[PDB]
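J.: Below is the file work_38.pdb, which contains PDB, C-alpha atoms (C1' of nucleotides).
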ATOM      1  CA  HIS A  67     102.645 122.531 100.990  1.00  0.00           C
ATOM      2  CA  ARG A  68     103.135 119.747  98.429  1.00  0.00           C
ATOM      3  CA  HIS A  69     106.090 117.941  97.013  1.00  0.00           C
ATOM      4  CA  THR A  70     107.984 118.340  93.729  1.00  0.00           C
ATOM      5  CA  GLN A  71     107.119 116.294  90.636  1.00  0.00           C
ATOM      6  CA  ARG A  72     110.826 115.625  90.220  1.00  0.00           C
ATOM      7  CA  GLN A  73     110.607 114.391  93.803  1.00  0.00           C
ATOM      8  CA  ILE A  74     107.319 112.504  93.712  1.00  0.00           C
ATOM      9  CA  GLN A  75     108.315 110.445  90.673  1.00  0.00           C
ATOM     10  CA  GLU A  76     111.191 108.889  92.577  1.00  0.00           C
ATOM     11  CA  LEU A  77     108.887 108.307  95.534  1.00  0.00           C
ATOM     12  CA  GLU A  78     106.453 106.170  93.560  1.00  0.00           C
ATOM     13  CA  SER A  79     109.395 104.638  91.713  1.00  0.00           C
ATOM     14  CA  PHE A  80     110.786 103.274  94.971  1.00  0.00           C
ATOM     15  CA  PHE A  81     107.440 102.118  96.421  1.00  0.00           C
ATOM     16  CA  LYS A  82     106.760  99.816  93.493  1.00  0.00           C
ATOM     17  CA  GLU A  83     110.297  98.559  94.115  1.00  0.00           C
ATOM     18  CA  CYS A  84     110.531  98.617  97.959  1.00  0.00           C
ATOM     19  CA  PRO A  85     107.200  99.556  99.523  1.00  0.00           C
ATOM     20  CA  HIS A  86     108.521  99.146 103.100  1.00  0.00           C
ATOM     21  CA  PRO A  87     111.668 101.056 104.080  1.00  0.00           C
ATOM     22  CA  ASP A  88     113.851 100.707 107.078  1.00  0.00           C
ATOM     23  CA  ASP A  89     114.952 103.884 108.726  1.00  0.00           C
ATOM     24  CA  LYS A  90     118.299 103.407 107.004  1.00  0.00           C
ATOM     25  CA  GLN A  91     116.449 102.952 103.731  1.00  0.00           C
ATOM     26  CA  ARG A  92     114.400 106.062 104.446  1.00  0.00           C
ATOM     27  CA  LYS A  93     117.304 108.316 105.369  1.00  0.00           C
ATOM     28  CA  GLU A  94     119.272 107.764 102.168  1.00  0.00           C
ATOM     29  CA  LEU A  95     116.304 108.713  99.984  1.00  0.00           C
ATOM     30  CA  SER A  96     115.925 112.064 101.712  1.00  0.00           C
ATOM     31  CA  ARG A  97     119.574 113.025 101.166  1.00  0.00           C
ATOM     32  CA  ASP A  98     119.095 112.138  97.493  1.00  0.00           C
ATOM     33  CA  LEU A  99     116.073 114.405  97.035  1.00  0.00           C
ATOM     34  CA  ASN A 100     116.381 117.130  99.668  1.00  0.00           C
ATOM     35  CA  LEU A 101     113.547 116.280 102.017  1.00  0.00           C
ATOM     36  CA  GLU A 102     113.006 115.482 105.628  1.00  0.00           C
ATOM     37  CA  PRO A 103     112.816 111.791 106.429  1.00  0.00           C
ATOM     38  CA  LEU A 104     109.920 112.001 108.870  1.00  0.00           C
ATOM     39  CA  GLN A 105     108.171 113.525 105.888  1.00  0.00           C
ATOM     40  CA  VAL A 106     109.431 110.580 103.905  1.00  0.00           C
ATOM     41  CA  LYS A 107     108.286 108.306 106.684  1.00  0.00           C
ATOM     42  CA  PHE A 108     104.860 109.926 106.702  1.00  0.00           C
ATOM     43  CA  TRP A 109     104.324 109.672 102.980  1.00  0.00           C
ATOM     44  CA  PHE A 110     105.202 105.982 102.930  1.00  0.00           C
ATOM     45  CA  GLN A 111     102.452 105.385 105.463  1.00  0.00           C
ATOM     46  CA  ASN A 112     100.000 107.501 103.517  1.00  0.00           C
ATOM     47  CA  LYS A 113     100.744 105.754 100.262  1.00  0.00           C
ATOM     48  CA  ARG A 114      99.926 102.585 102.177  1.00  0.00           C
ATOM     49  CA  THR A 115      96.578 103.991 103.199  1.00  0.00           C
ATOM     50  CA  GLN A 116      96.114 105.046  99.620  1.00  0.00           C
ATOM     51  CA  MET A 117      96.463 101.546  98.231  1.00  0.00           C
ATOM     52  CA  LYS A 118      94.151 100.178 100.899  1.00  0.00           C
ATOM     53  CA  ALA A 119      91.494 102.814 100.266  1.00  0.00           C
ATOM     54  CA  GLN A 120      91.578 102.629  96.467  1.00  0.00           C
ATOM     55  CA  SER A 121      91.826  98.833  96.196  1.00  0.00           C
ATOM     56  CA  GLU A 122      88.559  98.845  98.151  1.00  0.00           C
ATOM     57  CA  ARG A 123      86.911 101.750  96.293  1.00  0.00           C
ATOM     58  CA  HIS A 124      87.461 100.398  92.793  1.00  0.00           C
ATOM     59  CA  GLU A 125      86.308  96.964  93.935  1.00  0.00           C
ATOM     60  CA  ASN A 126      83.104  98.290  95.556  1.00  0.00           C
ATOM     61  CA  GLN A 127      82.210 100.580  92.663  1.00  0.00           C
ATOM     62  CA  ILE A 128      82.947  97.573  90.409  1.00  0.00           C
ATOM     63  CA  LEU A 129      81.301  94.633  92.168  1.00  0.00           C
ATOM     64  CA  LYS A 130      78.162  96.713  92.660  1.00  0.00           C
ATOM     65  CA  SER A 131      78.087  97.079  88.874  1.00  0.00           C
ATOM     66  CA  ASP A 132      79.138  93.472  88.239  1.00  0.00           C
ATOM     67  CA  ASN A 133      76.578  92.018  90.648  1.00  0.00           C
ATOM     68  CA  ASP A 134      74.113  94.458  89.070  1.00  0.00           C
ATOM     69  CA  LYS A 135      74.723  93.330  85.473  1.00  0.00           C
ATOM     70  CA  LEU A 136      74.550  89.625  86.341  1.00  0.00           C
ATOM     71  CA  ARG A 137      71.123  90.126  87.930  1.00  0.00           C
ATOM     72  CA  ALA A 138      69.647  91.484  84.683  1.00  0.00           C
ATOM     73  CA  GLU A 139      70.913  88.346  82.930  1.00  0.00           C
ATOM     74  CA  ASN A 140      69.212  86.098  85.505  1.00  0.00           C
ATOM     75  CA  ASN A 141      65.795  87.694  84.893  1.00  0.00           C
ATOM     76  CA  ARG A 142      66.198  87.504  81.104  1.00  0.00           C
ATOM     77  CA  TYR A 143      66.673  83.760  81.684  1.00  0.00           C
ATOM     78  CA  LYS A 144      63.625  83.262  83.928  1.00  0.00           C
TER      79      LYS A 144
ATOM     80  CA  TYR B  66      99.937 119.554 116.019  1.00  0.00           C
ATOM     81  CA  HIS B  67      96.808 120.079 118.141  1.00  0.00           C
ATOM     82  CA  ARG B  68      93.954 117.582 118.369  1.00  0.00           C
ATOM     83  CA  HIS B  69      90.460 118.269 119.603  1.00  0.00           C
ATOM     84  CA  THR B  70      89.176 118.271 123.157  1.00  0.00           C
ATOM     85  CA  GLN B  71      87.040 115.415 124.419  1.00  0.00           C
ATOM     86  CA  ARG B  72      84.315 117.941 125.197  1.00  0.00           C
ATOM     87  CA  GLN B  73      84.509 118.912 121.539  1.00  0.00           C
ATOM     88  CA  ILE B  74      84.641 115.398 120.132  1.00  0.00           C
ATOM     89  CA  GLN B  75      81.995 114.058 122.510  1.00  0.00           C
ATOM     90  CA  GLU B  76      79.589 116.791 121.482  1.00  0.00           C
ATOM     91  CA  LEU B  77      80.720 115.955 117.959  1.00  0.00           C
ATOM     92  CA  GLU B  78      79.828 112.280 118.246  1.00  0.00           C
ATOM     93  CA  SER B  79      76.565 113.348 119.890  1.00  0.00           C
ATOM     94  CA  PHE B  80      75.613 115.848 117.168  1.00  0.00           C
ATOM     95  CA  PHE B  81      76.980 113.750 114.297  1.00  0.00           C
ATOM     96  CA  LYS B  82      74.143 111.341 115.028  1.00  0.00           C
ATOM     97  CA  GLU B  83      71.658 114.193 114.536  1.00  0.00           C
ATOM     98  CA  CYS B  84      72.678 116.108 111.365  1.00  0.00           C
ATOM     99  CA  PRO B  85      75.666 114.370 109.754  1.00  0.00           C
ATOM    100  CA  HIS B  86      75.384 116.964 106.975  1.00  0.00           C
ATOM    101  CA  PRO B  87      74.944 120.384 108.600  1.00  0.00           C
ATOM    102  CA  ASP B  88      74.545 123.715 106.888  1.00  0.00           C
ATOM    103  CA  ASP B  89      76.467 126.939 107.438  1.00  0.00           C
ATOM    104  CA  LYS B  90      73.911 128.270 109.920  1.00  0.00           C
ATOM    105  CA  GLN B  91      74.123 125.293 112.257  1.00  0.00           C
ATOM    106  CA  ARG B  92      77.833 124.935 111.479  1.00  0.00           C
ATOM    107  CA  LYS B  93      78.105 128.590 112.517  1.00  0.00           C
ATOM    108  CA  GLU B  94      76.568 128.020 115.970  1.00  0.00           C
ATOM    109  CA  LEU B  95      78.370 124.758 116.660  1.00  0.00           C
ATOM    110  CA  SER B  96      81.627 126.348 115.630  1.00  0.00           C
ATOM    111  CA  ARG B  97      80.924 129.189 118.051  1.00  0.00           C
ATOM    112  CA  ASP B  98      79.150 126.911 120.538  1.00  0.00           C
ATOM    113  CA  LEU B  99      82.229 124.676 120.753  1.00  0.00           C
ATOM    114  CA  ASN B 100      85.221 127.049 120.653  1.00  0.00           C
ATOM    115  CA  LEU B 101      86.070 126.158 117.089  1.00  0.00           C
ATOM    116  CA  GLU B 102      87.082 127.611 113.854  1.00  0.00           C
ATOM    117  CA  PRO B 103      84.147 126.615 111.635  1.00  0.00           C
ATOM    118  CA  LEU B 104      86.460 125.545 108.899  1.00  0.00           C
ATOM    119  CA  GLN B 105      87.734 122.968 111.362  1.00  0.00           C
ATOM    120  CA  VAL B 106      84.099 122.201 111.999  1.00  0.00           C
ATOM    121  CA  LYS B 107      83.392 121.998 108.294  1.00  0.00           C
ATOM    122  CA  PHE B 108      86.482 119.859 107.864  1.00  0.00           C
ATOM    123  CA  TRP B 109      85.958 117.218 110.488  1.00  0.00           C
ATOM    124  CA  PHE B 110      82.535 116.414 109.151  1.00  0.00           C
ATOM    125  CA  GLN B 111      83.818 115.981 105.633  1.00  0.00           C
ATOM    126  CA  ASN B 112      86.280 113.424 106.986  1.00  0.00           C
ATOM    127  CA  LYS B 113      83.793 112.078 109.509  1.00  0.00           C
ATOM    128  CA  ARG B 114      81.555 111.735 106.485  1.00  0.00           C
ATOM    129  CA  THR B 115      84.267 110.147 104.353  1.00  0.00           C
ATOM    130  CA  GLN B 116      85.174 107.632 107.021  1.00  0.00           C
ATOM    131  CA  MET B 117      81.698 106.173 107.215  1.00  0.00           C
ATOM    132  CA  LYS B 118      81.197 105.527 103.496  1.00  0.00           C
ATOM    133  CA  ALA B 119      84.484 103.616 103.579  1.00  0.00           C
ATOM    134  CA  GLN B 120      83.562 101.818 106.796  1.00  0.00           C
ATOM    135  CA  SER B 121      80.093 100.986 105.460  1.00  0.00           C
ATOM    136  CA  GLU B 122      81.270  99.798 102.060  1.00  0.00           C
ATOM    137  CA  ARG B 123      83.926  97.705 103.829  1.00  0.00           C
ATOM    138  CA  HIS B 124      81.113  95.923 105.656  1.00  0.00           C
ATOM    139  CA  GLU B 125      79.196  95.967 102.380  1.00  0.00           C
ATOM    140  CA  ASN B 126      82.447  94.469 101.068  1.00  0.00           C
ATOM    141  CA  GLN B 127      83.061  91.762 103.678  1.00  0.00           C
ATOM    142  CA  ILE B 128      79.415  90.674 103.794  1.00  0.00           C
ATOM    143  CA  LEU B 129      79.179  90.488  99.998  1.00  0.00           C
ATOM    144  CA  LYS B 130      82.532  88.643 100.161  1.00  0.00           C
ATOM    145  CA  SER B 131      81.714  85.744 102.522  1.00  0.00           C
ATOM    146  CA  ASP B 132      78.272  85.157 100.986  1.00  0.00           C
ATOM    147  CA  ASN B 133      79.651  84.557  97.484  1.00  0.00           C
ATOM    148  CA  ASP B 134      82.457  82.244  98.681  1.00  0.00           C
ATOM    149  CA  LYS B 135      80.457  80.107 101.127  1.00  0.00           C
ATOM    150  CA  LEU B 136      77.962  79.198  98.397  1.00  0.00           C
ATOM    151  CA  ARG B 137      80.584  77.362  96.305  1.00  0.00           C
TER     152      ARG B 137
ATOM    153  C1'  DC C   1      93.491 113.054  98.106  1.00  0.00           C
ATOM    154  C1'  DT C   2      97.316 115.254 100.402  1.00  0.00           C
ATOM    155  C1'  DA C   3     100.637 116.306 104.139  1.00  0.00           C
ATOM    156  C1'  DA C   4     101.544 116.133 108.454  1.00  0.00           C
ATOM    157  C1'  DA C   5     101.197 113.947 112.529  1.00  0.00           C
ATOM    158  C1'  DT C   6      99.490 110.966 117.072  1.00  0.00           C
ATOM    159  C1'  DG C   7      98.176 106.578 119.830  1.00  0.00           C
ATOM    160  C1'  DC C   8      98.602 102.124 120.604  1.00  0.00           C
ATOM    161  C1'  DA C   9      99.976  98.264 120.759  1.00  0.00           C
ATOM    162  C1'  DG C  10     103.725  95.066 119.841  1.00  0.00           C
ATOM    163  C1'  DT C  11     109.033  93.534 119.067  1.00  0.00           C
ATOM    164  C1'  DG C  12     114.077  93.231 119.643  1.00  0.00           C
ATOM    165  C1'  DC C  13     118.329  94.201 122.310  1.00  0.00           C
ATOM    166  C1'  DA C  14     121.213  96.196 125.766  1.00  0.00           C
ATOM    167  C1'  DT C  15     121.480  97.673 130.639  1.00  0.00           C
ATOM    168  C1'  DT C  16     119.549  97.955 135.800  1.00  0.00           C
ATOM    169  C1'  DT C  17     117.746  96.368 139.628  1.00  0.00           C
ATOM    170  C1'  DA C  18     116.252  92.719 142.722  1.00  0.00           C
TER     171       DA C  18
ATOM    172  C1'  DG D   1     126.749  84.492 139.887  1.00  0.00           C
ATOM    173  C1'  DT D   2     121.162  84.575 137.370  1.00  0.00           C
ATOM    174  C1'  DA D   3     116.221  86.234 136.318  1.00  0.00           C
ATOM    175  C1'  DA D   4     113.028  89.809 135.945  1.00  0.00           C
ATOM    176  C1'  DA D   5     112.508  94.542 135.281  1.00  0.00           C
ATOM    177  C1'  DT D   6     112.876  98.934 133.022  1.00  0.00           C
ATOM    178  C1'  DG D   7     114.504 102.402 129.694  1.00  0.00           C
ATOM    179  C1'  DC D   8     115.089 103.010 124.751  1.00  0.00           C
ATOM    180  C1'  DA D   9     114.451 102.697 120.774  1.00  0.00           C
ATOM    181  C1'  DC D  10     111.790 100.903 116.359  1.00  0.00           C
ATOM    182  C1'  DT D  11     107.922  98.868 113.731  1.00  0.00           C
ATOM    183  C1'  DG D  12     103.377  98.905 111.991  1.00  0.00           C
ATOM    184  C1'  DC D  13      98.780 100.374 111.357  1.00  0.00           C
ATOM    185  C1'  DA D  14      94.564 102.835 111.761  1.00  0.00           C
ATOM    186  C1'  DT D  15      92.823 107.464 112.806  1.00  0.00           C
ATOM    187  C1'  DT D  16      92.888 112.255 113.213  1.00  0.00           C
ATOM    188  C1'  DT D  17      93.640 117.320 111.764  1.00  0.00           C
ATOM    189  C1'  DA D  18      93.998 120.991 107.769  1.00  0.00           C
TER     190       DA D  18
END
Let's see the structure in the file written out as structure tokens.
T.:
Amino acid sequence: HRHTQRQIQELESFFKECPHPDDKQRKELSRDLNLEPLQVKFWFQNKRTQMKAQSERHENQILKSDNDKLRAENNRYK
Amino acid sequence: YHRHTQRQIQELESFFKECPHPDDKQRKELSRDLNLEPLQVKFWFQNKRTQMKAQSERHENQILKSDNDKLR
DNA sequence: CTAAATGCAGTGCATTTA
DNA sequence: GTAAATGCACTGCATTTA
């Protein structure tokens, strides 16, 4: 119900390299690490949602704090 | 797999307006009231919940984004 | 967050049908 | 003979279900 660490390493290793596979690209990976490609297909989409979601989350949790800290500076000036 | 009936989801969208964080008791009736496994019921809300914070902060994002840039 | 999966456009090319 | 259709894949993403 989850994937192998041996496996998942090579997943993330490829996505930094080639974050968008063709079918052909997808198939060969599976044969290398004993998985189904539609699985492989699915993951590659979900990793893409991951980067979208986190790039937003970090930013929001950050800018809220950054726009918060700057405001305190403005009042110390006034 | 198997998605959820429109009857289900419509009642969902209708109730989600009311108590977007519902307790076991009400979860228990709704689960029964709507031919559901309450885990499923418990689940969908968690996601339904999770979606909105993301959707809201994205608008929080885009609105805080255009304001800062346009000033320059 | 994961793992699995669906729904809807849209895109390209090869083959029918009109 | 040609142009428009249709059948078949694939892509890509956002959303849903557990």
J.: Please provide the set of residues having any atom within 10 Å of residue 104 in chain B, restricted to all atoms listed in the file, with same-chain residues fewer than 6 positions apart removed, written as a ChimeraX atom specification.
T.: /B:92-93,96,110 /D:18
J.: Would you mind exporting C-alpha atoms (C1' of nucleotides) of the selected residues as a PDB file, in the frame of the given file?
T.:
ATOM      1  CA  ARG B  92      77.833 124.935 111.479  1.00  0.00           C
ATOM      2  CA  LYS B  93      78.105 128.590 112.517  1.00  0.00           C
ATOM      3  CA  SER B  96      81.627 126.348 115.630  1.00  0.00           C
ATOM      4  CA  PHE B 110      82.535 116.414 109.151  1.00  0.00           C
TER       5      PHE B 110
ATOM      6  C1'  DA D  18      93.998 120.991 107.769  1.00  0.00           C
TER       7       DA D  18
END
J.: Suppose a student applies the PyMOL selection byres ((chain C) within 8 of (chain A)) to this structure; what residues should they get, written as a list in words?
T.: residues 2, 3, 4 and 5 of chain C
J.: For chain C, which residue among B:105, B:115, B:100, B:71 is the nearest when counting only C-alpha atoms (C1' of nucleotides)?
T.: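 Comparing B:105, B:115, B:100, B:71 against chain C, the winner is B:115.
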J.: Could the centre and edge lengths of an axis-aligned box, enclosing all atoms of range 7-18 of chain D in the file with 8 Å extra on each side, be given in Å to one decimal as AutoDock Vina command-line options?
T.:
--center_x 104.0 --center_y 109.9 --center_z 118.7 --size_x 38.3 --size_y 38.1 --size_z 37.9
J.: Would you list which chain A residues are within 10 Å of chain D using only C-alpha atoms (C1' of nucleotides), as a list in words?
T.: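 Residues satisfying the distance criterion: residues 88, 89, 111, 114 and 115 of chain A.
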J.: Could you write out as a compact mmCIF listing (two decimals) with C-alpha atoms, in the frame of the given file the residues that the PyMOL selection byres ((chain B and resi 77) around 12) matches in the shown file?
T.:
# COMPACT_ATOMS: atom_id res chain seq x y z
CA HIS B 69 90.46 118.27 119.60
CA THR B 70 89.18 118.27 123.16
CA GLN B 71 87.04 115.42 124.42
CA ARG B 72 84.32 117.94 125.20
CA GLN B 73 84.51 118.91 121.54
CA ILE B 74 84.64 115.40 120.13
CA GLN B 75 82.00 114.06 122.51
CA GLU B 76 79.59 116.79 121.48
CA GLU B 78 79.83 112.28 118.25
CA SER B 79 76.56 113.35 119.89
CA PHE B 80 75.61 115.85 117.17
CA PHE B 81 76.98 113.75 114.30
CA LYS B 82 74.14 111.34 115.03
CA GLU B 83 71.66 114.19 114.54
CA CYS B 84 72.68 116.11 111.36
CA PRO B 85 75.67 114.37 109.75
CA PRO B 87 74.94 120.38 108.60
CA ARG B 92 77.83 124.94 111.48
CA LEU B 95 78.37 124.76 116.66
CA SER B 96 81.63 126.35 115.63
CA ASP B 98 79.15 126.91 120.54
CA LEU B 99 82.23 124.68 120.75
CA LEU B 101 86.07 126.16 117.09
CA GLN B 105 87.73 122.97 111.36
CA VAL B 106 84.10 122.20 112.00
CA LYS B 107 83.39 122.00 108.29
CA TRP B 109 85.96 117.22 110.49
CA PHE B 110 82.54 116.41 109.15
CA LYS B 113 83.79 112.08 109.51
J.: What does the structure give for the distance between CA of residue 124 in chain B and CA of residue 86 in chain B, in Å to one decimal?
T.: 21.8 Å
J.: Please enumerate the residues selected by the PyMOL selection byres ((chain A and resi 119-126) around 10) when evaluated against the supplied file, formatted as a compact mmCIF listing (two decimals) with C-alpha atoms, keeping the file's coordinate frame.
T.:
# COMPACT_ATOMS: atom_id res chain seq x y z
CA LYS A 113 100.74 105.75 100.26
CA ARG A 114 99.93 102.58 102.18
CA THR A 115 96.58 103.99 103.20
CA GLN A 116 96.11 105.05 99.62
CA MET A 117 96.46 101.55 98.23
CA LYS A 118 94.15 100.18 100.90
CA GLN A 127 82.21 100.58 92.66
CA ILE A 128 82.95 97.57 90.41
CA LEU A 129 81.30 94.63 92.17
CA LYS A 130 78.16 96.71 92.66
CA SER A 131 78.09 97.08 88.87
CA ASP A 132 79.14 93.47 88.24
CA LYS B 118 81.20 105.53 103.50
CA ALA B 119 84.48 103.62 103.58
CA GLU B 122 81.27 99.80 102.06
CA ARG B 123 83.93 97.70 103.83
CA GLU B 125 79.20 95.97 102.38
CA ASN B 126 82.45 94.47 101.07
CA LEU B 129 79.18 90.49 100.00
J.: What separation in Å, quoted to one decimal, exists between CA of residue 88 in chain B and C1' of residue 1 in chain C?
T.: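 Going from CA of residue 88 in chain B over to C1' of residue 1 in chain C covers 23.4 Å.
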